[PDB]
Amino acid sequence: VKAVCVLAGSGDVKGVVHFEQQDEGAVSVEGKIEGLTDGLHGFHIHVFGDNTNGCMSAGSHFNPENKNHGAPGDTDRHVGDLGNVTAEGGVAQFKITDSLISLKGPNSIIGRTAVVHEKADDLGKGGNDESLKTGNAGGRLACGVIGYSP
């Protein structure tokens, strides 16, 4: 199965992210996001595919396994915790593989929202309660609803 999202927001940040999965195996994520300031930016799947109030109506992180916020490599993470992407020269181009997200079944991210954040995700190690919820990633620069692609 293949899926895609077009990211847009209130400013100039925009991008495209592609997703692919064979069988019920890992999902391959490839994207390009333009308009970011240099450095790390949190990249997460939020629960709702609702863009009626911009990125704010996407809700919190997708967390069907009922864990705290973490890094992609941790056992204690949300399904939607895909870590940080790195921007240089105003662009982030990335390829990740993840085994917790899916394009089918209960952990399906189809009809959910991908969000790129203002600040780096602290990966649950920030020393405060917010770190265990959002990684202190701040504002939502751009987002899109994930749909089926050819």
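Sequential numbering from 1, following the sequence displayed.
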- Query: Would 28-36 or 78-86 have the larger average of its C-alpha temperature factors, as given in the entry?
  - Reply: 28-36
- Query: For the stretches 109-117 and 89-97, which has the higher mean C-alpha B-factor as given in the deposited record?
  - Reply: 89-97
- Return the residue from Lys67, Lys125, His44, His41 that has the highest Cα B-factor in the entry. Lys125
- Query: From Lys133, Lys14, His18, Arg140, which pick has the Cα B-factor that tops the rest in the entry?
  - Reply: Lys14
- Query: Where does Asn63 sit by CA temperature factor within its chain: lowest, middle or highest third?
  - Reply: lowest
- Item | CA B-factor placement of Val1, once the chain's modelled residues are sorted into thirds | highest
